$ cat structure14.csv   # CSV, C-alpha atoms
chain,number,residue,atom,x,y,z
A,1,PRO,CA,-17.5,-10.3,1.9
A,2,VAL,CA,-16.2,-13.5,3.5
A,3,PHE,CA,-13.0,-11.5,4.1
A,4,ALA,CA,-14.1,-9.2,7.0
A,5,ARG,CA,-15.8,-12.3,8.4
A,6,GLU,CA,-12.4,-14.0,8.3
A,7,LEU,CA,-10.5,-11.0,9.8
A,8,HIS,CA,-13.1,-10.6,12.4
A,9,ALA,CA,-12.6,-14.2,13.5
A,10,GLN,CA,-8.9,-13.5,13.7
A,11,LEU,CA,-9.4,-10.5,16.1
A,12,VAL,CA,-11.9,-12.5,18.2
A,13,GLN,CA,-9.2,-15.1,18.8
A,14,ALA,CA,-6.8,-12.2,19.7
A,15,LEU,CA,-9.4,-11.1,22.4
A,16,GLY,CA,-9.5,-14.6,23.7
A,17,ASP,CA,-5.8,-14.4,24.3
A,18,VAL,CA,-6.2,-11.2,26.2
A,19,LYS,CA,-9.2,-12.3,28.1
A,20,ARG,CA,-7.3,-15.4,29.2
A,21,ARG,CA,-4.4,-13.2,30.3
A,22,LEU,CA,-6.7,-11.2,32.5
A,23,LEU,CA,-7.7,-14.3,34.5
A,24,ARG,CA,-4.1,-14.7,35.8
A,25,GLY,CA,-4.2,-11.3,37.4
A,26,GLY,CA,-1.5,-8.7,38.0
A,27,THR,CA,-1.0,-5.2,39.2
A,28,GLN,CA,-3.4,-2.4,38.3
A,29,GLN,CA,-0.5,-1.5,35.9
A,30,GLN,CA,-0.7,-4.8,34.0
A,31,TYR,CA,-4.5,-4.8,33.9
A,32,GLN,CA,-4.7,-1.4,32.3
A,33,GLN,CA,-2.0,-2.3,29.8
A,34,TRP,CA,-4.0,-5.4,28.8
A,35,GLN,CA,-7.2,-3.5,28.8
A,36,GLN,CA,-5.4,-1.1,26.4
A,37,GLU,CA,-4.5,-4.0,24.2
A,38,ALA,CA,-8.1,-5.2,24.3
A,39,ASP,CA,-9.3,-1.7,23.3
A,40,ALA,CA,-7.0,-1.7,20.3
A,41,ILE,CA,-8.4,-5.1,19.1
A,42,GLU,CA,-11.9,-4.0,19.8
A,43,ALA,CA,-11.3,-0.9,17.7
A,44,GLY,CA,-10.2,-3.3,15.0
A,45,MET,CA,-13.4,-5.1,15.3
A,46,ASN,CA,-15.4,-1.9,15.1
A,47,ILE,CA,-13.7,-0.6,12.0
A,48,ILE,CA,-14.1,-4.1,10.3
A,49,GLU,CA,-17.7,-4.2,11.3
A,50,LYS,CA,-18.4,-0.7,9.9
A,51,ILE,CA,-16.7,-1.5,6.6
A,52,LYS,CA,-18.9,-4.5,6.1
B,1,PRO,CA,6.7,-14.1,28.4
B,2,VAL,CA,5.8,-16.5,25.6
B,3,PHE,CA,2.3,-14.9,25.8
B,4,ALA,CA,3.0,-11.6,24.1
B,5,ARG,CA,5.0,-13.6,21.6
B,6,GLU,CA,1.8,-15.6,20.9
B,7,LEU,CA,-0.6,-12.6,20.8
B,8,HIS,CA,1.9,-10.8,18.5
B,9,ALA,CA,1.8,-13.7,16.0
B,10,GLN,CA,-2.0,-13.5,16.2
B,11,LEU,CA,-2.0,-9.8,15.2
B,12,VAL,CA,0.6,-10.4,12.5
B,13,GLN,CA,-1.8,-12.9,10.9
B,14,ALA,CA,-4.5,-10.2,11.1
B,15,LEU,CA,-2.3,-7.8,9.2
B,16,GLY,CA,-1.8,-10.5,6.6
B,17,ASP,CA,-5.5,-10.6,6.0
B,18,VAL,CA,-5.5,-6.8,5.6
B,19,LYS,CA,-2.5,-6.8,3.4
B,20,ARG,CA,-4.1,-9.4,1.2
B,21,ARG,CA,-7.3,-7.4,1.0
B,22,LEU,CA,-5.4,-4.4,-0.2
B,23,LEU,CA,-4.2,-6.3,-3.3
B,24,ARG,CA,-7.7,-6.6,-4.6
B,25,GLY,CA,-8.1,-2.8,-4.7
B,26,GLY,CA,-11.1,-0.6,-4.4
B,27,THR,CA,-12.1,3.0,-4.0
B,28,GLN,CA,-10.0,5.5,-2.0
B,29,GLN,CA,-12.8,5.0,0.5
B,30,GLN,CA,-12.1,1.3,0.9
B,31,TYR,CA,-8.4,1.8,1.0
B,32,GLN,CA,-8.5,4.3,3.9
B,33,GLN,CA,-11.0,2.1,5.8
B,34,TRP,CA,-8.6,-0.9,5.5
B,35,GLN,CA,-5.6,1.3,6.3
B,36,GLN,CA,-7.6,2.3,9.4
B,37,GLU,CA,-8.0,-1.4,10.3
B,38,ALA,CA,-4.3,-1.9,9.7
B,39,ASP,CA,-3.5,1.0,12.1
B,40,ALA,CA,-5.7,-0.5,14.8
B,41,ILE,CA,-3.8,-3.8,14.5
B,42,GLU,CA,-0.4,-2.1,14.4
B,43,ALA,CA,-1.4,-0.1,17.5
B,44,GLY,CA,-2.1,-3.5,19.1
B,45,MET,CA,1.4,-4.7,18.1
B,46,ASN,CA,2.9,-1.5,19.5
B,47,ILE,CA,1.3,-1.9,22.9
B,48,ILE,CA,2.1,-5.6,23.1
B,49,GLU,CA,5.7,-4.8,22.2
B,50,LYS,CA,6.0,-2.0,24.8
B,51,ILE,CA,4.5,-4.3,27.5
B,52,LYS,CA,7.2,-7.0,26.9
$ encode --input "structure14.csv" --output "structure tokens"
Amino acid sequence: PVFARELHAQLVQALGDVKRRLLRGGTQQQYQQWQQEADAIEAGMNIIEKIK
Amino acid sequence: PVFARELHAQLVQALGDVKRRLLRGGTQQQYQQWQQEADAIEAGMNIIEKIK
């Protein structure tokens, strides 16, 4: 539908927030935590793409 | 920061899309798939809340 397309766009914006965060740097600690957040969102994108 | 607060709001909107989707119903197949999407987003909220 046009739904998954709309939820997908939502998650893509969420990745943009993460991606931006990663440009400001931090400890290896912070990087991994944010990469973990990014994985969660990407998992979201995968499910939503495999539903469609 | 005001970052996690902003990424959190993003994910919360994503849940709204899912929640809305679940009101239109479907097979047990579709429900689980969407509940799986919801889990991914909730996992994102958890990480982001445990970073803050």
$ interface_residues --input "structure14.csv" --of "chain A" --to "chain B" --cutoff "10 Å" --atoms "only C-alpha atoms" --output "JSON, numbers by chain"
{"A": [3, 4, 6, 7, 8, 9, 10, 11, 13, 14, 15, 16, 17, 18, 21, 30, 33, 34, 36, 37, 38, 39, 40, 41, 42, 43, 44, 45, 46, 47, 48, 50, 51]}
$ atom_distance --input "structure14.csv" --atom1 "CA of residue 35 in chain A" --atom2 "CA of residue 23 in chain A"
12.2 Å
$ atom_distance --input "structure14.csv" --atom1 "CA of residue 28 in chain A" --atom2 "CA of residue 5 in chain B"
21.8 Å
$ atom_distance --input "structure14.csv" --atom1 "CA of residue 52 in chain B" --atom2 "CA of residue 2 in chain B"
9.7 Å
$ decode --input "structure14.csv" --residues "range 10-21 of chain B" --atoms "N, CA, C and O atoms" --output "PDB file, in the first residue's frame"
ATOM      1  N   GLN B  10      10.373  10.895  16.879  1.00  0.00           N
ATOM      2  CA  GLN B  10      10.342  10.356  15.532  1.00  0.00           C
ATOM      3  C   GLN B  10       9.790   8.942  15.575  1.00  0.00           C
ATOM      4  O   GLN B  10       8.864   8.611  14.832  1.00  0.00           O
ATOM      5  N   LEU B  11      10.377   8.105  16.431  1.00  0.00           N
ATOM      6  CA  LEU B  11       9.953   6.713  16.567  1.00  0.00           C
ATOM      7  C   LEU B  11       8.517   6.622  17.039  1.00  0.00           C
ATOM      8  O   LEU B  11       7.754   5.799  16.527  1.00  0.00           O
ATOM      9  N   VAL B  12       8.153   7.452  18.019  1.00  0.00           N
ATOM     10  CA  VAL B  12       6.779   7.468  18.499  1.00  0.00           C
ATOM     11  C   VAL B  12       5.820   7.706  17.335  1.00  0.00           C
ATOM     12  O   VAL B  12       4.749   7.117  17.306  1.00  0.00           O
ATOM     13  N   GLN B  13       6.181   8.563  16.380  1.00  0.00           N
ATOM     14  CA  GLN B  13       5.303   8.781  15.222  1.00  0.00           C
ATOM     15  C   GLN B  13       5.247   7.500  14.387  1.00  0.00           C
ATOM     16  O   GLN B  13       4.207   7.157  13.833  1.00  0.00           O
ATOM     17  N   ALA B  14       6.367   6.798  14.284  1.00  0.00           N
ATOM     18  CA  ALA B  14       6.389   5.561  13.516  1.00  0.00           C
ATOM     19  C   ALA B  14       5.429   4.539  14.138  1.00  0.00           C
ATOM     20  O   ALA B  14       4.757   3.791  13.429  1.00  0.00           O
ATOM     21  N   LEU B  15       5.368   4.498  15.464  1.00  0.00           N
ATOM     22  CA  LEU B  15       4.467   3.572  16.127  1.00  0.00           C
ATOM     23  C   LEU B  15       3.045   3.968  15.756  1.00  0.00           C
ATOM     24  O   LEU B  15       2.196   3.115  15.524  1.00  0.00           O
ATOM     25  N   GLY B  16       2.791   5.270  15.700  1.00  0.00           N
ATOM     26  CA  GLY B  16       1.470   5.739  15.338  1.00  0.00           C
ATOM     27  C   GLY B  16       1.065   5.172  13.992  1.00  0.00           C
ATOM     28  O   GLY B  16      -0.074   4.771  13.803  1.00  0.00           O
ATOM     29  N   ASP B  17       1.990   5.128  13.039  1.00  0.00           N
ATOM     30  CA  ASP B  17       1.648   4.582  11.733  1.00  0.00           C
ATOM     31  C   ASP B  17       1.310   3.119  11.889  1.00  0.00           C
ATOM     32  O   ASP B  17       0.337   2.653  11.335  1.00  0.00           O
ATOM     33  N   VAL B  18       2.102   2.394  12.665  1.00  0.00           N
ATOM     34  CA  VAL B  18       1.833   0.977  12.865  1.00  0.00           C
ATOM     35  C   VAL B  18       0.480   0.802  13.534  1.00  0.00           C
ATOM     36  O   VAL B  18      -0.400   0.103  13.011  1.00  0.00           O
ATOM     37  N   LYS B  19       0.316   1.445  14.688  1.00  0.00           N
ATOM     38  CA  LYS B  19      -0.932   1.374  15.419  1.00  0.00           C
ATOM     39  C   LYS B  19      -2.106   1.649  14.513  1.00  0.00           C
ATOM     40  O   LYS B  19      -3.112   0.959  14.584  1.00  0.00           O
ATOM     41  N   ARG B  20      -2.005   2.647  13.650  1.00  0.00           N
ATOM     42  CA  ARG B  20      -3.123   2.919  12.767  1.00  0.00           C
ATOM     43  C   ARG B  20      -3.345   1.723  11.848  1.00  0.00           C
ATOM     44  O   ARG B  20      -4.467   1.246  11.676  1.00  0.00           O
ATOM     45  N   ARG B  21      -2.269   1.210  11.279  1.00  0.00           N
ATOM     46  CA  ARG B  21      -2.378   0.067  10.396  1.00  0.00           C
ATOM     47  C   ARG B  21      -3.130  -1.094  11.033  1.00  0.00           C
ATOM     48  O   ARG B  21      -3.922  -1.763  10.378  1.00  0.00           O
TER      49      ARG B  21
END
